[PDB]
Each structure stands twice: as C-alpha cells, then as structure tokens.
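Q: This is input_8.pdb, which holds PDB, C-alpha atoms and all ligand atoms:
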ATOM      1  CA  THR A 732       8.790  19.900   4.007
ATOM      2  CA  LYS A 733       5.998  17.994   2.285
ATOM      3  CA  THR A 734       5.113  14.650   3.857
ATOM      4  CA  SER A 735       2.656  11.856   3.135
ATOM      5  CA  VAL A 736       1.277   9.291   5.571
ATOM      6  CA  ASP A 737       0.022   5.775   4.829
ATOM      7  CA  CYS A 738      -2.776   5.254   7.339
ATOM      8  CA  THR A 739      -2.970   1.469   7.097
ATOM      9  CA  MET A 740       0.715   0.847   7.750
ATOM     10  CA  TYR A 741       0.948   3.340  10.600
ATOM     11  CA  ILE A 742      -2.002   1.991  12.585
ATOM     12  CA  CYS A 743      -2.005  -1.753  11.926
ATOM     13  CA  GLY A 744       1.085  -2.549   9.886
ATOM     14  CA  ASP A 745       1.631  -6.136   8.769
ATOM     15  CA  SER A 746      -1.349  -7.518  10.727
ATOM     16  CA  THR A 747      -3.899  -8.472   8.081
ATOM     17  CA  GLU A 748      -6.741  -9.005  10.552
ATOM     18  CA  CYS A 749      -6.171  -5.580  12.096
ATOM     19  CA  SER A 750      -6.724  -3.839   8.755
ATOM     20  CA  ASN A 751     -10.023  -5.627   8.185
ATOM     21  CA  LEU A 752     -11.889  -4.247  11.186
ATOM     22  CA  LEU A 753     -10.128  -0.914  10.787
ATOM     23  CA  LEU A 754     -12.517  -0.066   7.945
ATOM     24  CA  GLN A 755     -15.361  -0.092  10.484
ATOM     25  CA  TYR A 756     -14.173   3.347  11.664
ATOM     26  CA  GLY A 757     -15.231   4.826   8.331
ATOM     27  CA  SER A 758     -13.506   7.351   6.065
ATOM     28  CA  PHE A 759     -11.178   8.809   8.696
ATOM     29  CA  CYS A 760      -8.066   8.245   6.588
ATOM     30  CA  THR A 761      -9.610   9.854   3.496
ATOM     31  CA  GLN A 762      -9.903  13.179   5.316
ATOM     32  CA  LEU A 763      -6.296  12.880   6.497
ATOM     33  CA  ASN A 764      -5.042  12.296   2.971
ATOM     34  CA  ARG A 765      -6.918  15.269   1.547
ATOM     35  CA  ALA A 766      -5.592  17.597   4.252
ATOM     36  CA  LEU A 767      -1.992  16.555   3.673
ATOM     37  CA  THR A 768      -2.380  16.802  -0.100
ATOM     38  CA  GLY A 769      -3.614  20.364   0.299
ATOM     39  CA  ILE A 770      -0.558  21.252   2.370
ATOM     40  CA  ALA A 771       1.850  19.722  -0.129
ATOM     41  CA  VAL A 772       0.384  21.578  -3.116
ATOM     42  CA  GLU A 773       0.494  24.908  -1.267
ATOM     43  CA  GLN A 774       4.208  24.465  -0.602
ATOM     44  CA  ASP A 775       4.924  24.659  -4.338
ATOM     45  CA  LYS A 776       2.633  27.671  -4.741
ATOM     46  CA  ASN A 777       4.645  29.454  -2.051
ATOM     47  CA  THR A 778       7.898  29.024  -3.980
ATOM     48  CA  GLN A 779       6.243  30.137  -7.218
TER      49      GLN A 779
ATOM     50  CA  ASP B 294      -7.614  -0.672 -14.668
ATOM     51  CA  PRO B 295      -5.937   2.494 -13.365
ATOM     52  CA  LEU B 296      -8.517   4.791 -14.947
ATOM     53  CA  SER B 297     -11.467   3.096 -13.257
ATOM     54  CA  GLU B 298      -9.777   3.217  -9.852
ATOM     55  CA  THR B 299      -9.515   6.984 -10.255
ATOM     56  CA  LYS B 300     -13.239   7.226 -11.014
ATOM     57  CA  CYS B 301     -14.189   5.320  -7.871
ATOM     58  CA  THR B 302     -11.925   7.483  -5.719
ATOM     59  CA  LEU B 303     -13.310  10.655  -7.269
ATOM     60  CA  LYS B 304     -16.897   9.313  -7.117
ATOM     61  CA  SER B 305     -17.510  10.583 -10.646
ATOM     62  CA  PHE B 306     -17.731   9.208 -14.164
ATOM     63  CA  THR B 307     -15.517  11.961 -15.640
ATOM     64  CA  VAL B 308     -11.915  12.776 -14.731
ATOM     65  CA  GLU B 309     -10.374  16.207 -15.165
ATOM     66  CA  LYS B 310      -6.795  16.549 -16.362
ATOM     67  CA  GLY B 311      -4.249  16.187 -13.598
ATOM     68  CA  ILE B 312      -2.484  13.728 -11.331
ATOM     69  CA  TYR B 313      -4.457  11.959  -8.593
ATOM     70  CA  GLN B 314      -3.303   9.737  -5.724
ATOM     71  CA  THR B 315      -5.370   6.552  -5.681
ATOM     72  CA  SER B 316      -4.003   3.876  -3.338
ATOM     73  CA  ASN B 317      -0.846   2.276  -1.950
ATOM     74  CA  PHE B 318       0.903  -0.884  -3.152
ATOM     75  CA  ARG B 319       2.695  -3.602  -1.181
ATOM     76  CA  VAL B 320       4.976  -6.490  -2.123
ATOM     77  CA  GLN B 321       3.149  -9.698  -1.349
ATOM     78  CA  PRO B 322       5.023 -12.312   0.713
ATOM     79  CA  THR B 323       6.808 -15.161  -1.021
ATOM     80  CA  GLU B 324       6.084 -17.935   1.492
ATOM     81  CA  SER B 325       6.176 -18.794   5.193
ATOM     82  CA  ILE B 326       9.156 -19.624   7.440
ATOM     83  CA  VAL B 327       9.113 -21.183  10.914
ATOM     84  CA  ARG B 328      12.318 -21.353  12.955
ATOM     85  CA  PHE B 329      12.047 -23.185  16.280
ATOM     86  CA  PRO B 330      14.594 -24.854  18.558
ATOM     87  CA  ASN B 331      15.893 -28.230  17.418
ATOM     88  CA  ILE B 332      15.701 -30.031  20.773
ATOM     89  CA  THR B 333      13.037 -32.756  20.694
ATOM     90  CA  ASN B 334      11.906 -34.801  23.711
ATOM     91  CA  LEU B 335       8.867 -35.527  25.875
ATOM     92  CA  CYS B 336       8.164 -33.270  28.842
ATOM     93  CA  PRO B 337       7.629 -35.133  32.207
ATOM     94  CA  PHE B 338       4.635 -32.975  33.140
ATOM     95  CA  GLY B 339       2.177 -35.879  33.078
ATOM     96  CA  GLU B 340       3.733 -37.239  36.269
ATOM     97  CA  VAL B 341       2.487 -34.175  38.172
TER      98      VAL B 341
ATOM     99  CA  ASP C 586      18.681  -8.125   9.768
ATOM    100  CA  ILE C 587      15.029  -7.360   9.072
ATOM    101  CA  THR C 588      13.932  -4.989   6.310
ATOM    102  CA  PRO C 589      10.220  -4.523   5.545
ATOM    103  CA  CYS C 590       8.924  -5.392   2.098
ATOM    104  CA  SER C 591       8.861  -2.518  -0.368
ATOM    105  CA  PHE C 592       5.795  -0.287  -0.335
ATOM    106  CA  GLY C 593       4.624   3.155  -1.353
ATOM    107  CA  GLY C 594       1.830   5.217  -2.761
ATOM    108  CA  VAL C 595       0.442   5.083  -6.278
ATOM    109  CA  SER C 596      -0.492   8.066  -8.429
ATOM    110  CA  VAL C 597      -2.185   8.157 -11.831
ATOM    111  CA  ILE C 598      -1.394  10.788 -14.470
ATOM    112  CA  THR C 599      -4.279  11.384 -16.856
ATOM    113  CA  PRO C 600      -5.559  14.102 -19.179
ATOM    114  CA  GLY C 601      -9.263  14.792 -19.417
ATOM    115  CA  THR C 602     -11.572  11.886 -20.139
ATOM    116  CA  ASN C 603     -12.775  13.973 -23.079
ATOM    117  CA  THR C 604      -9.261  14.141 -24.477
ATOM    118  CA  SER C 605      -8.391  10.443 -24.168
ATOM    119  CA  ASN C 606      -8.378   7.469 -21.815
ATOM    120  CA  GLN C 607      -4.631   6.836 -21.718
ATOM    121  CA  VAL C 608      -3.042   7.086 -18.268
ATOM    122  CA  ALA C 609       0.402   7.008 -16.665
ATOM    123  CA  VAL C 610       1.231   5.462 -13.282
ATOM    124  CA  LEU C 611       3.852   6.801 -10.857
ATOM    125  CA  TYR C 612       5.203   4.608  -8.065
ATOM    126  CA  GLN C 613       6.260   7.061  -5.387
ATOM    127  CA  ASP C 614       9.702   6.330  -3.951
ATOM    128  CA  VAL C 615      10.212   2.956  -5.667
ATOM    129  CA  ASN C 616      13.298   2.030  -7.619
ATOM    130  CA  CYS C 617      12.136   0.812 -11.036
ATOM    131  CA  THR C 618      13.859  -2.567 -10.647
ATOM    132  CA  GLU C 619      12.143  -3.112  -7.295
ATOM    133  CA  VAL C 620       8.655  -3.080  -8.820
ATOM    134  CA  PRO C 621       7.078  -6.533  -8.294
ATOM    135  CA  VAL C 622       7.554  -8.863 -11.259
ATOM    136  CA  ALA C 623       3.887  -9.265 -12.171
ATOM    137  CA  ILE C 624       3.594 -11.593 -15.164
ATOM    138  CA  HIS C 625      -0.123 -12.424 -15.093
ATOM    139  CA  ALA C 626      -1.361 -12.145 -11.472
ATOM    140  CA  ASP C 627       0.722 -12.235  -8.281
ATOM    141  CA  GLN C 628      -0.044  -8.999  -6.371
ATOM    142  CA  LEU C 629      -3.331  -7.516  -5.196
ATOM    143  CA  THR C 630      -3.331  -5.697  -8.572
ATOM    144  CA  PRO C 631      -3.302  -2.154  -7.121
ATOM    145  CA  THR C 632      -3.630   0.015 -10.237
ATOM    146  CA  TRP C 633      -2.239  -2.663 -12.536
TER     147      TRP C 633
HETATM  148  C1  LIG D 801      20.869 -28.648  16.908
HETATM  149  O1  LIG D 801      21.769 -27.645  16.400
HETATM  150  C2  LIG D 801      23.084 -27.702  16.977
HETATM  151  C3  LIG D 801      23.871 -26.553  16.378
HETATM  152  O2  LIG D 801      24.020 -25.491  17.310
HETATM  153  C4  LIG D 801      23.721 -29.067  16.699
HETATM  154  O3  LIG D 801      24.967 -29.135  17.382
HETATM  155  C5  LIG D 801      22.816 -30.193  17.175
HETATM  156  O4  LIG D 801      23.344 -31.451  16.772
HETATM  157  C6  LIG D 801      21.422 -30.038  16.580
HETATM  158  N1  LIG D 801      20.553 -31.101  17.055
HETATM  159  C7  LIG D 801      19.526 -31.576  16.344
HETATM  160  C8  LIG D 801      18.764 -32.704  16.968
HETATM  161  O5  LIG D 801      19.225 -31.111  15.249
HETATM  162  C1  LIG D 802      -2.508 -40.544  33.721
HETATM  163  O1  LIG D 802      -3.270 -41.755  33.857
HETATM  164  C2  LIG D 802      -4.431 -41.797  33.013
HETATM  165  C3  LIG D 802      -5.148 -43.088  33.334
HETATM  166  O2  LIG D 802      -5.426 -43.208  34.723
HETATM  167  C4  LIG D 802      -4.023 -41.699  31.547
HETATM  168  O3  LIG D 802      -5.183 -41.664  30.721
HETATM  169  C5  LIG D 802      -3.181 -40.454  31.308
HETATM  170  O4  LIG D 802      -2.698 -40.444  29.970
HETATM  171  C6  LIG D 802      -2.004 -40.413  32.283
HETATM  172  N1  LIG D 802      -1.227 -39.197  32.102
HETATM  173  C7  LIG D 802      -0.001 -39.178  31.564
HETATM  174  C8  LIG D 802       0.560 -40.506  31.162
HETATM  175  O5  LIG D 802       0.631 -38.137  31.421
HETATM  176  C1  LIG D 803      17.937   1.047  -8.825
HETATM  177  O1  LIG D 803      18.114  -0.340  -9.326
HETATM  178  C2  LIG D 803      19.003  -1.241  -8.633
HETATM  179  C3  LIG D 803      18.314  -1.664  -7.358
HETATM  180  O2  LIG D 803      19.242  -1.692  -6.282
HETATM  181  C4  LIG D 803      20.374  -0.619  -8.386
HETATM  182  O3  LIG D 803      21.383  -1.420  -8.983
HETATM  183  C5  LIG D 803      20.410   0.801  -8.931
HETATM  184  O4  LIG D 803      21.650   1.402  -8.577
HETATM  185  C6  LIG D 803      19.266   1.589  -8.323
HETATM  186  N1  LIG D 803      19.392   3.002  -8.630
HETATM  187  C7  LIG D 803      18.807   3.953  -7.901
HETATM  188  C8  LIG D 803      19.030   5.360  -8.349
HETATM  189  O5  LIG D 803      18.134   3.688  -6.911
END
Let's see the structure in the file written out as structure tokens.
Ligand SMILES: *[C@@H]1O[C@H](CO)[C@@H](O)[C@H](O)[C@H]1NC(C)=O
Ligand SMILES: *[C@@H]1O[C@H](CO)[C@@H](O)[C@H](O)[C@H]1NC(C)=O
Ligand SMILES: *[C@@H]1O[C@H](CO)[C@@H](O)[C@H](O)[C@H]1NC(C)=O

A:
Amino acid sequence: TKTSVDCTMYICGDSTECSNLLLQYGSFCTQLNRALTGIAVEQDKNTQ
Amino acid sequence: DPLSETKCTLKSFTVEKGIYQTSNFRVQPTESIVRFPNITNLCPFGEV
Amino acid sequence: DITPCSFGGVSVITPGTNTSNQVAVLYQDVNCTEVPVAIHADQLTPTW
C-alpha cells in the first residue's frame, strides 16, 4: 500500500500557534515527504 | 499561481515535465461558536 | 457529531517550461463539489 502523511496535521492539528513555532525545527517534514514519495513511485514500478 | 509554487518547491527556475506535490489545502473556518451553560447568578465567594 | 473540515494534498500537473506554462491541479481525495467556493479570496490561496 502507498500512503502519504501530512506532517502539520499529525503533529499540531488545528492549533494555529503550534504550527508557527513548528517551523523552527527546520525542513524535517520535507525529507519525510520525499522518502514516502519514493516508496509510492516504486510500488508502481514493481507491478510494471 | 500554481506554476510559481512549483518553482519555489523545486528551488529552480525551470520545471521538467511531470506531476509534483506542492502543498496541502484546508477549508477555512466560517465563524466562531461559544456554547456555555445558561445559568446566570453571582457567586458568594466574596464573603470568604 | 464532529467531523473535521475537509483537507488534502495538492499536486500540479505540468509539461516542461520550454513546452508551455499551462498547468493542471489535482486535489487528492476531494470530492469536486467539496472544493471551497472561492469567488475572489476566501482561503489561504494554496495553489489557486
Ligand atoms: C436554560 O435552558 C433550559 C433548557 O434545558 C430552560 O429550561 C431554562 O429556562 C433556561 N434558562 C435560561 C435562563 O435560559
Ligand atoms: C470586601 O470589602 C472591600 C472593602 O473593605 C471591598 O472593596 C470588596 O469589594 C469586598 N469584597 C466583596 C464585596 O466581595
Ligand atoms: C460528490 O458530490 C456530492 C458530495 O456529497 C455527492 O452528491 C456525490 O454523490 C459525490 N460523489 C462521489 C463519487 O463522491
């Protein structure tokens, strides 16, 4: 199964103030997105 | 516009053919609602 | 009952910048009638 994760919703959610200082941790979510995108693309290459 | 958001994510001024995942979207709230009990009185805590 | 406001990821379909600048926008897991009714400006304009 191919899954995607929204970092902002999972960590903070509907708290607006939480999201603001979450950016101070850097580009952590960007790495997570790229890793999951790589997994999802490979799943279609397997079936091919 | 959507094209420019792709450039910023890719950190480049040119975009190769394909499909890219840029951001997430959320439905903004309509307004605010406060529901509180309807009893109304004065609390006798000043007597303490 | 409580149901969270609709959300999801946003993806942009584009050919090469050399070929053209036209793009297409895909709202992942969003029913087309549930897209916010943006007349002029009412969302955060994520990939308008
Ligand atoms: C509060 O709501 C109840 C309904 O459960 C009603 O009987 C009562 O009259 C209300 N009182 C006020 C002050 O609104
Ligand atoms: C208690 O008395 C003082 C004056 O001595 C008054 O300012 C204060 O409001 C009183 N507290 C009450 C009525 O809860
Ligand atoms: C999408 O549009 C509306 C929203 O509920 C509904 O009437 C329709 O059946 C929906 N269709 C699908 C496939 O979600």

Q: So that each row is one residue of chain A with an atom at most 10 Å from chain C, can you give its shortest atom pair and the distance in Å to one decimal, using all atoms listed in the file, rows by chain and rising number, as a tab-separated table?

A:
residue	atom	partner	partner_atom	distance
A:735	CA	C:594	CA	8.9
A:736	CA	C:594	CA	9.3
A:737	CA	C:594	CA	7.8
A:740	CA	C:592	CA	9.6
A:745	CA	C:589	CA	9.3

Q: Please identify every residue of chain B that has at least one atom no more than 12 Å from any atom of chain A, counting all atoms listed in the file, and report them as a list in words.

A: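 Taken together, these residues fit the definition: residues 302, 303, 312, 313, 314, 315, 316, 317, 318, 319, 320, 321 and 322 of chain B.
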
Q: Residues of chain C within 9 Å of chain B, counting all atoms listed in the file, what are they? List them as an MDAnalysis selection string.

A: chainID C and resid 590:604 606:610 612 620:621 627:633

Q: Please identify the residues whose atoms come within 9 Å of ligand LIG 803 (chain D), using only C-alpha atoms and all ligand atoms, and report them as an MDAnalysis selection string.

A: chainID C and resid 615:619

Q: Any residue with an atom at most 10 Å from ligand LIG 801 (chain D) counts, using all atoms listed in the file. Which are they? Put them as JSON, numbers by chain.

A: {"B": [330, 331, 332, 333, 334]}

Q: Output the selection as a short mmCIF file (atom, residue, chain, number, x, y, z; two decimals), keeping the file's coordinate frame - C-alpha atoms for each residue.

A:
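As written to disk, result32.cif reads:
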data_model
loop_
_atom_site.label_atom_id
_atom_site.label_comp_id
_atom_site.auth_asym_id
_atom_site.auth_seq_id
_atom_site.Cartn_x
_atom_site.Cartn_y
_atom_site.Cartn_z
CA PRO B 330 14.59 -24.85 18.56
CA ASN B 331 15.89 -28.23 17.42
CA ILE B 332 15.70 -30.03 20.77
CA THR B 333 13.04 -32.76 20.69
CA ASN B 334 11.91 -34.80 23.71
#

Q: List all protein, DNA and RNA residues that have an atom no more than 10 Å from any atom of ligand LIG 802 (chain D), counting all atoms listed in the file, and report them as JSON, numbers by chain.

A: {"B": [336, 337, 338, 339, 340, 341]}

Q: Give me the residues near residue 733 (chain A) as an NGL selection string, where near means some atom within 12 Å (using all atoms listed in the file) and where sequence neighbours in that chain fewer than 4 positions away do not count.

A: :A and (766-775)

Q: One decimal, in Å: what's the spacing between CA of residue 748 (chain A) and CA of residue 622 (chain C)?

A: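 So the answer is 26.1 Å.
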
Q: Can you tell me which residues surround residue 752 (chain A) at a distance of at most 12 Å, considering all atoms listed in the file, apart from same-chain residues fewer than 5 positions away, and format the answer as a list in words?

A: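 In the requested format, the answer is residues 739, 742, 743, 746, 747 and 757 of chain A.
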
Q: What's the separation between CA of residue 744 (chain A) and CA of residue 611 (chain C), in Å to one decimal place?

A: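 Spanning CA of residue 744 (chain A) to CA of residue 611 (chain C) is a straight-line distance of 22.9 Å.
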
Q: In Å, with one decimal, what is the gap from CA of residue 762 (chain A) to CA of residue 779 (chain A)?

A: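 For CA of residue 762 (chain A) relative to CA of residue 779 (chain A), the distance reads 26.6 Å.
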
Q: Please supply region 302-318 of chain B, rebuilt with N, CA, C and O atoms, as an mmCIF file, in the frame of the given file.

A:
data_model
loop_
_atom_site.group_PDB
_atom_site.id
_atom_site.type_symbol
_atom_site.label_atom_id
_atom_site.label_comp_id
_atom_site.auth_asym_id
_atom_site.auth_seq_id
_atom_site.Cartn_x
_atom_site.Cartn_y
_atom_site.Cartn_z
ATOM 1 N N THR B 302 -12.432 6.572 -6.735
ATOM 2 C CA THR B 302 -11.925 7.483 -5.719
ATOM 3 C C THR B 302 -12.580 8.849 -5.841
ATOM 4 O O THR B 302 -12.989 9.450 -4.841
ATOM 5 N N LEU B 303 -12.702 9.354 -7.060
ATOM 6 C CA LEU B 303 -13.310 10.655 -7.269
ATOM 7 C C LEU B 303 -14.827 10.621 -7.155
ATOM 8 O O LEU B 303 -15.442 11.685 -7.056
ATOM 9 N N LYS B 304 -15.439 9.437 -7.150
ATOM 10 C CA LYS B 304 -16.897 9.313 -7.117
ATOM 11 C C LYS B 304 -17.548 10.072 -8.270
ATOM 12 O O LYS B 304 -18.554 10.758 -8.099
ATOM 13 N N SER B 305 -16.966 9.946 -9.459
ATOM 14 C CA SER B 305 -17.510 10.583 -10.646
ATOM 15 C C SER B 305 -17.189 9.724 -11.855
ATOM 16 O O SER B 305 -16.290 8.884 -11.821
ATOM 17 N N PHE B 306 -17.944 9.938 -12.927
ATOM 18 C CA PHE B 306 -17.731 9.208 -14.164
ATOM 19 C C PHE B 306 -16.818 9.943 -15.135
ATOM 20 O O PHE B 306 -16.466 9.379 -16.176
ATOM 21 N N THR B 307 -16.430 11.177 -14.821
ATOM 22 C CA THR B 307 -15.517 11.961 -15.640
ATOM 23 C C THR B 307 -14.320 12.342 -14.787
ATOM 24 O O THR B 307 -14.452 12.542 -13.577
ATOM 25 N N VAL B 308 -13.155 12.444 -15.416
ATOM 26 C CA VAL B 308 -11.915 12.776 -14.731
ATOM 27 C C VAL B 308 -11.296 13.983 -15.418
ATOM 28 O O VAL B 308 -11.018 13.944 -16.622
ATOM 29 N N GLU B 309 -11.070 15.043 -14.652
ATOM 30 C CA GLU B 309 -10.374 16.207 -15.165
ATOM 31 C C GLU B 309 -8.880 15.928 -15.299
ATOM 32 O O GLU B 309 -8.326 15.040 -14.651
ATOM 33 N N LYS B 310 -8.227 16.708 -16.153
ATOM 34 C CA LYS B 310 -6.795 16.549 -16.362
ATOM 35 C C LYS B 310 -6.027 16.846 -15.086
ATOM 36 O O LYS B 310 -6.307 17.819 -14.385
ATOM 37 N N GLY B 311 -5.053 16.003 -14.785
ATOM 38 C CA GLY B 311 -4.249 16.187 -13.598
ATOM 39 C C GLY B 311 -3.641 14.871 -13.162
ATOM 40 O O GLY B 311 -3.692 13.874 -13.877
ATOM 41 N N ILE B 312 -3.060 14.903 -11.968
ATOM 42 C CA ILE B 312 -2.484 13.728 -11.331
ATOM 43 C C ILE B 312 -3.211 13.519 -10.012
ATOM 44 O O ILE B 312 -3.336 14.455 -9.217
ATOM 45 N N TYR B 313 -3.706 12.304 -9.788
ATOM 46 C CA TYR B 313 -4.457 11.959 -8.593
ATOM 47 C C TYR B 313 -3.773 10.807 -7.874
ATOM 48 O O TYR B 313 -3.164 9.943 -8.506
ATOM 49 N N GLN B 314 -3.868 10.801 -6.548
ATOM 50 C CA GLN B 314 -3.303 9.737 -5.724
ATOM 51 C C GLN B 314 -4.419 8.772 -5.356
ATOM 52 O O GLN B 314 -5.379 9.154 -4.683
ATOM 53 N N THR B 315 -4.291 7.522 -5.794
ATOM 54 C CA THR B 315 -5.370 6.552 -5.681
ATOM 55 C C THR B 315 -5.228 5.651 -4.459
ATOM 56 O O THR B 315 -6.097 5.657 -3.583
ATOM 57 N N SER B 316 -4.143 4.894 -4.371
ATOM 58 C CA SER B 316 -4.003 3.876 -3.338
ATOM 59 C C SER B 316 -2.520 3.649 -3.079
ATOM 60 O O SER B 316 -1.665 4.332 -3.648
ATOM 61 N N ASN B 317 -2.212 2.686 -2.217
ATOM 62 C CA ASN B 317 -0.846 2.276 -1.950
ATOM 63 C C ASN B 317 -0.668 0.832 -2.392
ATOM 64 O O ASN B 317 -1.631 0.071 -2.474
ATOM 65 N N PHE B 318 0.574 0.458 -2.688
ATOM 66 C CA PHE B 318 0.903 -0.884 -3.152
ATOM 67 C C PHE B 318 1.903 -1.532 -2.210
ATOM 68 O O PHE B 318 2.719 -0.844 -1.595
#
